[PDB]
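Visitor: For reference, the structure I am asking about is given below.
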Amino acid sequence: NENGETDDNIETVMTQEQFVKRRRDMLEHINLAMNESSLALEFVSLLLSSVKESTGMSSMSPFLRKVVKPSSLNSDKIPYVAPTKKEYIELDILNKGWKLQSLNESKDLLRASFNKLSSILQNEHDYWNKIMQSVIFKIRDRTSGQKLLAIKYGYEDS
Amino acid sequence: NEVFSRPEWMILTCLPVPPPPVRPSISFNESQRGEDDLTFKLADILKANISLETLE
Amino acid sequence: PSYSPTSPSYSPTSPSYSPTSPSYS
Amino acid sequence: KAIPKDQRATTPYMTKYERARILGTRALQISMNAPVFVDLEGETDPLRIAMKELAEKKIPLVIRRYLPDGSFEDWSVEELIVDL
Amino acid sequence: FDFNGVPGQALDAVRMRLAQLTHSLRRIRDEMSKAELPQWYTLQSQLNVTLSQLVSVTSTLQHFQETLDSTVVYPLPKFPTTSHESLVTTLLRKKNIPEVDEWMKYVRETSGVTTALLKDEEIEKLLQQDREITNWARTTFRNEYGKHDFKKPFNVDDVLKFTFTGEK
Amino acid sequence: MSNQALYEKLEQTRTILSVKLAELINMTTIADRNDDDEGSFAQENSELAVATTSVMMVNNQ
Amino acid sequence: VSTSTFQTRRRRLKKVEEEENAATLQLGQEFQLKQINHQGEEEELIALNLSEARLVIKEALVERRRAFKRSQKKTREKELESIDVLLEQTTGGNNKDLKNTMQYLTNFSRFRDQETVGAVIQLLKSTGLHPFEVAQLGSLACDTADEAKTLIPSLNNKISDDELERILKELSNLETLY
Amino acid sequence: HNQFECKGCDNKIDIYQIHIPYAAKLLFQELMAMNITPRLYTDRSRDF
Amino acid sequence: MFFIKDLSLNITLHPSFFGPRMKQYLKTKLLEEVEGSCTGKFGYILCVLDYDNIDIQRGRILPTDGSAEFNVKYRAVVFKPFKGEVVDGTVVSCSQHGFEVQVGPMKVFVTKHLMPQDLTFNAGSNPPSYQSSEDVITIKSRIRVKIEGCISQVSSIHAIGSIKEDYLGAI
């Protein structure tokens, strides 16, 4: 069982195009969020107003070439009120129940394929039973001498 | 030399007293004992000193 | 001292953030 | 200060004193169970071992040759001519 | 004295958590490209699991001054250097949603609501609260789980002594 | 020895105990639980980030 | 045979003055502000706040384990066990001093992550304060600018009370939540 | 006990050991008793 | 406090080691000699930094003997305590005379008299503790001490320290 759970935890696969395209998906779809977290690093230059602000700013090479401390704000604590007090804001909290619901729908789906994934592992429970049914030489190979590959079994001459 | 040899140091005010290795003693037989000539000469210096100290 | 330098990526070719509807006089 | 190898001007030949001291030193070390850099072709006397090591220039020692000013030229035993 | 102290009180605080979520993503992004080898499923969960944690702190850091910042609402005025090369300014000062807003609708429409107003809506709120109260029932069942607790035969030398001398 | 090996298992069990509870409890908070009562200390304010709690809960819990 | 330094001074016959070591910032001849690295370059004193130190040693022993295996070819309570394992690998083992040091450092470090120790190091080295103070400010958690100025007495007039109190605030904010 | 000290110098640190003929240890003690200082140094300061 | 210091140690290698694993043995012997070491001049030499770049230089020949001598130039983390230094530490021992506090490599001892008057010795406890009206100081407690003075003692440095003054004592 442990070995088989460790196998599923080895990323391991022999897929052509199938395995290939999938990992490209990771690259691009991860990269997007990496790149958008860089807009997050650009809000850093947006501070300006302080030396420690410049430090944060140099985060963009284009900040290295866009010298200004550039931006400024005023007070709409009233608009904070509007964000919070709007009938729209009450309603938006419904977008919270709504996304959360579909997340719970996802959760349910994931959870069920899990017990069926434990079912392929019952093939292994059976294999261990097979082994239970039916030399304790302990070896290590693939060289190294430490870690690498290590296991145990018997032999003949004695 | 201001560090190692000021002229004020030529005159003797304090006297370094050498340890026994430099002036060995020997204890023969309880009524015979041999002291080094330096130990004699020192004792005279001392006696002459103790004397002059009392006079001043 | 979070890491060392700050990771550039700056981008105007992205999806898009602006729409368009007041073009007409 | 240490003279560069390309600017060394002392004899390319080993002095009587150098050779006597190398042989003395190696023999001493050999005698203090130091590792021997040659096949002892049955040899047991550390001086005869030393002689053998110097004969094949397998002695890992360097002569720091001091000049009256304080500077010096370093010479390997491998590089010194043994016409003695 | 000429110009003003505009805003950005907790801006530094946003930047810090903005960076850590950037820093953890960026590093995963760099590795993501050596698809030659994926780092060890332990390693990626260490980086992608604290990389998601980074965005929780960055998620919350936004709400903590959340009254303050949407109120601040600064739009940029600068050197006219910003005006040349243009877009960078449109880009760098712009808030939107991506193709994202769309599965936000898929989700919103996935709920059971939309245009039926206030009285029926207040009721749904009380009902969801009742669901959270039926969730307290989890507290009762957790009590049942009821799992909480806390964590010479002789002298060798003398034997030998005997064998040799008959000393016992 | 065996002891140290088990300790780990016990910890894992405790971890397994503490997260279906967070999936249940965070369900409440994910579903959004804005309180007329001022004392209640769970928050879901800002757009992206309060429904992001729902995306993180999913992967985390 | 014992260890020597880059400080070459020729004490010819003239023995003493060996003027006392106090935090009047009068440390040894050896712990002077103007040091010299092996490349002869005049380089300033390197003082570490126990966290900046924790990381340095950990880094060095980590890199050493690398070469040791290469040449062989042909949560704090959790950090303690992890470190005590690295010491068993690289250190002489007889060196009990490093073991206690690493334990103390792990238990008393104010900043866990390298990133954290990076900002600490920036914020502080901009005050112009002498490396000793800059370290003690990083390693001693103070609230009142008086707590600081009492414990680090050398600071006395070197910084404004408010300026120091502003730093003490942005230091507390950096403390890694153990 | 591995204690070193040269009181008067208050030096418990900068100490060396040397191998000299006892007659020189003697000669030096003798020159001292006679108010002369034969200070022995393990490094140089003159060059040439 | 806690410094990074550039230092150099002369090592005298016997000819038998004039094999290819020479640098390896030098770097090793260096660590044996220097690491753990405690001097007055430098304090506790704790950990040698940058193993991979330890400068061995060319080893000179000690003429009558075979051996070569190298001046191994290195860089390490040191701990040199000073009088006036305020340090945090854990209590280790505690007696009718005071209490020792472990501060990294070294122990700093606090006299019954170098503490406030209110803190008094309690023998009738396991382990023996110091009791204030509000505080209790014992074997596991964490204390902030002001070093009153140091004594360079062989393979260590020990110090006396107070917790009498303001902002000192239990943490």
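Chains as they are written, first to last, in the entry's author numbering: chain P, 182 to 315, 321 to 344; chain A, 225 to 280; chain k, 1 to 25; chain F, 72 to 155; chain N, 23 to 173, 194 to 210; chain S, 1 to 61; chain D, 3 to 76, 118 to 221; chain B, 1177 to 1224; chain G, 1 to 171. No residue lacks a Cβ here, since even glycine has one placed at the ideal position from N, Cα and C.
1) Applying the criterion that 16 or more other CB atoms from any shown protein chain within 10 Å of the CB defines a buried residue, is F/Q78 buried or exposed?
2) Hey, how far is the Cα of G/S133 from the Cα of G/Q117?
3) If we cut at 8 Å on Cβ distances, does G/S152 have a partner in chain B?
4) Can you confirm whether D/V18, when its beta carbon is compared against all beta carbons of chain H, has any partner nearer than 8 Å?
5) Please state the DSSP three-state secondary structure of F/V153.
6) When DSSP labels each residue in this structure, what does G/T28 get in the three-state scheme?
7) From this set, N/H170, N/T64 and N/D24, which residue's C-alpha is nearest P/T187's C-alpha?
8) Could you confirm whether any beta carbon from chain S is found closer than 8 Å to the beta carbon of P/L272?
9) If contact is defined by three or more beta carbon pairs under 8 Å, each pair taking one atom from either stretch, is the region 1-19 of chain G in contact with the region 62-76 of chain D?
10) What's the gap between the Cα of N/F101 and the Cα of D/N200?
11) Mind listing the chain N neighbours of P/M195? Cutoff is C-beta to C-beta under 9 Å, in chain order.
12) Determine the direct distance from the alpha carbon of G/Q24 to that of P/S330, and round the result to whole angstroms.
13) Applying a beta-carbon distance threshold of less than 7 Å, which residues of chain B neighbour D/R12?
14) Which chain B residues sit within Cβ distance under 8 Å of G/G40?
15) Taking the DSSP output, what are the residues bridged to B/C1182?
16) Tell me, to the nearest whole angstrom, how far the beta carbon of A/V241 is from that of A/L266; I am working on the premise that it is less than 8 Å.
17) Provide the residue(s) that pair with G/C94 in DSSP beta bridges, ordered along the chain.
18) According to the Cβ coordinates, are F/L132 and F/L94 closer than 8 Å?
19) Between P/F295, P/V225 and P/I270, which lies nearest to N/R115 when the distance is taken from Cα to Cα?
20) For G/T39, which beta-bridge partners are listed by DSSP?
21) Just mark D/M145 as buried or exposed, buried being the case when its beta carbon has 16 or more other beta carbons within 10 Å.
22) Report the residues of the region 231-251 of chain P with a CB closer than 9 Å to any CB of chain k, ordered along the chain.
23) Kindly list the residues whose CB is nearer than 8 Å to the CB of S/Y7, restricted to its own chain and excluding five residues on each side of it in sequence; keep chain order.
24) Between N/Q84 and chain S, is any beta-carbon pair separated by less than 8 Å?
25) Judging by CA-CA distance, which residue of P/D289, P/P264, P/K250 and P/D273 is the nearest neighbour of S/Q61?
26) Going by C-alpha to C-alpha distance, which of N/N157, N/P195, N/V201 and N/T82 sits closest to S/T28?
27) When the Cα atoms are used, what is the spatial distance from S/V55 to D/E44?
28) Between which two residues does the beta strand (DSSP E) carrying G/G149 extend?
29) Would you identify the three-state DSSP class for F/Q78, choosing helix, strand or coil?
30) Against chain S, does N/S81 count as a neighbour if the rule is that its beta carbon must be under 8 Å from one of theirs?
31) Do the CB positions of G/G59 and G/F42 come within less than 8 Å of each other?
32) Just how far apart, CA to CA, sit N/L109 and N/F163?
33) Going along the region 41-52 of chain S in order, which residues come within less than 7 Å of chain N, judged by CB to CB distance?
34) What is the residue span of the beta strand (DSSP E) that G/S129 lies within?
35) Considering only residues of the same chain and omitting the five flanking positions on each side of G/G104, which have a CB-CB separation below 6 Å?
36) Can you check whether the C-beta of G/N53 is within less than 8 Å of a C-beta belonging to chain D?
Guide: Looking at the coordinates:
1) exposed
2) 11 Å
3) yes
4) Annotation note: the requested chain H is absent from the structure, which comprises protein chains P, A, k, F, N, S, D, B and G.
5) coil
6) helix
7) N/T64
8) no
9) no
10) 40 Å
11) Those do not exist, as P/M195 stays about 15 Å from chain N at its closest Cβ, beyond 9 Å.
12) 21 Å
13) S1221
14) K1188 and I1189
15) B/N1187
16) 7 Å
17) G/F99
18) no
19) P/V225
20) G/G43
21) buried
22) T236, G237, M238, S239, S240, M241, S242, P243, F244 and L245
23) none
24) yes
25) P/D289
26) N/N157
27) 55 Å
28) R142 to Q153
29) helix
30) yes
31) no
32) 58 Å
33) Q43, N45, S46, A49 and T52
34) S129 to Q131
35) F79
36) no
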